[PDB]
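Asks: Handing you this structure, nothing more for now.
Numbering (this note's numbering), first residue to last: 3 to 166.
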(Lines of atoms letter the chains of each structure in order from A; the text may use other names.)
(Lines give C-alpha, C1' and ligand atoms only; values in the text may rest on other atoms or scores of the structure.)
Protein backbone atom coordinates (compact mmCIF):
# COMPACT_ATOMS: atom_id res chain seq x y z
CA UNK A 3 0.00 0.00 0.00
CA UNK A 4 1.29 3.22 -1.11
CA UNK A 5 0.07 6.66 -0.91
CA UNK A 6 -1.07 6.73 -4.54
CA UNK A 7 -3.32 3.68 -4.02
CA UNK A 8 -4.81 4.99 -0.92
CA UNK A 9 -5.73 8.45 -2.21
CA UNK A 10 -7.13 7.28 -5.42
CA UNK A 11 -9.27 4.99 -3.29
CA UNK A 12 -10.14 7.90 -1.13
CA UNK A 13 -10.29 10.66 -3.59
CA UNK A 14 -11.16 8.98 -6.85
CA UNK A 15 -9.57 9.60 -10.31
CA UNK A 16 -11.15 11.87 -12.88
CA UNK A 17 -9.69 12.87 -16.14
CA UNK A 18 -12.11 15.74 -16.85
CA UNK A 19 -13.18 18.71 -14.80
CA UNK A 20 -15.94 17.79 -12.33
CA UNK A 21 -17.95 19.16 -9.41
CA UNK A 22 -17.18 17.48 -6.10
CA UNK A 23 -19.36 16.85 -3.00
CA UNK A 24 -19.17 20.48 -2.19
CA UNK A 25 -19.88 21.60 -5.64
CA UNK A 26 -16.25 22.48 -6.41
CA UNK A 27 -14.55 21.90 -9.74
CA UNK A 28 -11.95 19.33 -9.43
CA UNK A 29 -9.72 17.10 -11.51
CA UNK A 30 -7.54 14.06 -10.99
CA UNK A 31 -7.16 12.90 -7.51
CA UNK A 32 -8.67 15.64 -5.34
CA UNK A 33 -7.04 18.47 -7.04
CA UNK A 34 -9.30 21.48 -6.37
CA UNK A 35 -9.38 23.73 -9.35
CA UNK A 36 -11.49 26.59 -8.07
CA UNK A 37 -14.37 27.28 -5.83
CA UNK A 38 -16.04 29.58 -8.31
CA UNK A 39 -19.02 28.60 -10.24
CA UNK A 40 -17.07 29.05 -13.41
CA UNK A 41 -15.72 26.48 -15.90
CA UNK A 42 -13.56 29.18 -17.36
CA UNK A 43 -11.64 29.84 -14.16
CA UNK A 44 -11.50 26.20 -13.58
CA UNK A 45 -10.05 25.61 -17.12
CA UNK A 46 -7.54 28.32 -16.77
CA UNK A 47 -6.53 27.07 -13.30
CA UNK A 48 -6.09 23.65 -14.88
CA UNK A 49 -4.00 25.14 -17.64
CA UNK A 50 -1.73 26.93 -15.22
CA UNK A 51 -1.33 23.70 -13.28
CA UNK A 52 -0.47 21.41 -16.12
CA UNK A 53 1.38 23.79 -18.42
CA UNK A 54 -0.47 22.92 -21.63
CA UNK A 55 -3.75 23.83 -23.09
CA UNK A 56 -5.93 20.87 -22.06
CA UNK A 57 -9.38 22.16 -22.35
CA UNK A 58 -10.56 20.55 -19.25
CA UNK A 59 -9.12 17.26 -20.09
CA UNK A 60 -6.10 15.45 -18.69
CA UNK A 61 -4.35 12.12 -18.95
CA UNK A 62 -3.29 9.64 -16.39
CA UNK A 63 0.16 11.04 -16.57
CA UNK A 64 -0.79 14.59 -15.74
CA UNK A 65 -3.20 13.37 -13.13
CA UNK A 66 -0.10 11.71 -11.63
CA UNK A 67 2.17 14.64 -11.83
CA UNK A 68 -0.41 16.79 -10.03
CA UNK A 69 -1.05 14.23 -7.46
CA UNK A 70 2.69 14.11 -6.84
CA UNK A 71 2.87 17.79 -6.31
CA UNK A 72 -0.21 17.62 -4.11
CA UNK A 73 1.21 15.05 -1.64
CA UNK A 74 4.59 16.76 -1.44
CA UNK A 75 2.81 19.98 -0.45
CA UNK A 76 0.87 17.96 2.15
CA UNK A 77 4.14 16.36 3.44
CA UNK A 78 5.88 19.74 3.32
CA UNK A 79 2.91 21.10 5.13
CA UNK A 80 3.27 18.65 8.11
CA UNK A 81 7.09 19.15 8.30
CA UNK A 82 6.80 22.98 8.52
CA UNK A 83 4.02 22.64 11.10
CA UNK A 84 4.96 22.80 14.73
CA UNK A 85 2.10 20.74 15.93
CA UNK A 86 2.21 18.26 13.15
CA UNK A 87 5.92 17.59 13.03
CA UNK A 88 6.21 15.98 16.39
CA UNK A 89 3.23 13.90 15.57
CA UNK A 90 4.41 12.85 12.20
CA UNK A 91 7.93 12.29 13.48
CA UNK A 92 6.86 9.89 16.10
CA UNK A 93 4.42 7.63 14.17
CA UNK A 94 5.35 4.63 12.15
CA UNK A 95 5.26 4.28 8.41
CA UNK A 96 1.69 3.08 8.28
CA UNK A 97 0.38 5.51 10.72
CA UNK A 98 2.22 8.39 9.06
CA UNK A 99 0.41 7.72 5.79
CA UNK A 100 -2.83 8.11 7.60
CA UNK A 101 -1.61 11.48 8.86
CA UNK A 102 -0.62 12.52 5.38
CA UNK A 103 -4.10 11.43 4.17
CA UNK A 104 -5.86 13.89 6.60
CA UNK A 105 -3.60 16.85 5.62
CA UNK A 106 -4.27 16.10 1.98
CA UNK A 107 -7.92 16.28 2.55
CA UNK A 108 -8.34 19.03 5.03
CA UNK A 109 -5.17 20.98 4.90
CA UNK A 110 -2.24 21.53 7.39
CA UNK A 111 -4.27 23.82 9.53
CA UNK A 112 -7.45 21.82 9.88
CA UNK A 113 -5.57 18.82 11.14
CA UNK A 114 -3.45 20.93 13.31
CA UNK A 115 -6.58 21.91 15.14
CA UNK A 116 -7.27 18.35 16.32
CA UNK A 117 -5.18 19.13 19.34
CA UNK A 118 -6.13 16.37 21.80
CA UNK A 119 -6.36 13.74 19.05
CA UNK A 120 -2.91 14.63 17.91
CA UNK A 121 -1.69 14.46 21.48
CA UNK A 122 -3.00 10.99 22.02
CA UNK A 123 -1.51 9.83 18.78
CA UNK A 124 1.84 11.03 20.25
CA UNK A 125 1.19 9.20 23.41
CA UNK A 126 0.75 6.01 21.44
CA UNK A 127 -2.98 5.99 22.67
CA UNK A 128 -4.66 4.69 19.56
CA UNK A 129 -8.12 3.96 20.88
CA UNK A 130 -8.29 7.31 22.67
CA UNK A 131 -7.19 8.80 19.33
CA UNK A 132 -9.76 6.78 17.42
CA UNK A 133 -12.61 8.08 19.54
CA UNK A 134 -11.71 11.74 19.27
CA UNK A 135 -11.12 11.72 15.61
CA UNK A 136 -14.68 10.37 15.43
CA UNK A 137 -16.32 13.09 17.45
CA UNK A 138 -15.41 15.38 14.53
CA UNK A 139 -17.21 17.15 11.70
CA UNK A 140 -14.92 15.46 9.25
CA UNK A 141 -16.20 12.21 10.34
CA UNK A 142 -19.82 13.20 10.01
CA UNK A 143 -19.16 14.49 6.55
CA UNK A 144 -17.18 11.72 4.98
CA UNK A 145 -17.74 8.91 7.43
CA UNK A 146 -16.55 6.15 5.14
CA UNK A 147 -13.18 7.92 4.41
CA UNK A 148 -12.84 9.04 8.00
CA UNK A 149 -13.33 5.57 9.26
CA UNK A 150 -10.81 4.15 6.84
CA UNK A 151 -8.15 6.58 8.10
CA UNK A 152 -9.19 6.22 11.75
CA UNK A 153 -8.81 2.44 11.46
CA UNK A 154 -5.34 2.92 9.96
CA UNK A 155 -4.18 4.69 13.08
CA UNK A 156 -6.09 2.40 15.49
CA UNK A 157 -4.84 -0.86 13.96
CA UNK A 158 -1.62 0.23 12.35
CA UNK A 159 -2.42 -1.76 9.23
CA UNK A 160 -3.85 -1.43 5.74
CA UNK A 161 -6.76 -3.51 6.94
CA UNK A 162 -9.34 -0.89 5.98
CA UNK A 163 -8.18 -0.58 2.32
CA UNK A 164 -7.34 -4.16 1.36
CA UNK A 165 -10.82 -5.43 0.91
CA UNK A 166 -13.24 -2.85 -0.46
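No residue lacks a Cβ here, since even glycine has one placed at the ideal position from N, Cα and C.
#1: Would you call the segment 70 to 79 and the segment 120 to 129 touching, i.e. three or more CB-CB distances under 8 Å?
#2: Checking 8 Å against the spacing of the C-beta atoms, do residue 34 and residue 19 come in under that value?
#3: Go through its chain and collect everything with a Cβ distance to residue 83's Cβ below 7 Å, but skip five positions before and after it.
#4: State the beta-bridge partners of residue 16 as determined by DSSP.
#5: Taking only the alpha-carbon atoms, compute the straight-line gap between residue 165 and residue 11 and give it to the nearest angstrom.
#6: Going straight from the alpha carbon of residue 90 to that of residue 50, what length do you get?
#7: Can you name the start and end residues of the alpha helix (DSSP H) that residue 56 belongs to?
#8: Ignore the nearest five residues each way along the sequence and tell me which others in residue 152's own chain have a CB closer than 6 Å to its CB.
Replies: Let me spell this out:
#1: no
#2: To locate residue 34, count along the chain shown from 1; it is residue 32. To locate residue 19, count along the chain shown from 1; it is residue 17. Contact: no.
#3: Your numbering for residue 83 matches position 81 in the chain shown. Correct list, in chain order: 110, 114.
#4: Along the chain shown, read from residue 1 onward, the residue named residue 16 stands at position 14. DSSP lists 30 as partners of residue 16.
#5: In the chain shown, the residue the question calls residue 165 occupies position 163. In the chain shown, the residue the question calls residue 11 occupies position 9. Their Cα atoms are separated by approximately 11 Å.
#6: If you number the chain shown from 1, residue 90 lands on position 88. If you number the chain shown from 1, residue 50 lands on position 48. The alpha-carbon atoms of residue 90 and residue 50 are separated by roughly 31 Å.
#7: Taking the first residue of the chain shown as 1, we reach residue 56 at position 54. First-last for residue 56: undefined, no H or E at that position.
#8: Numbered from its first residue, the chain shown carries residue 152 at position 150. Counting only Cβ-Cβ distances below 6 Å, and skipping sequence neighbours, we find 132, 135.
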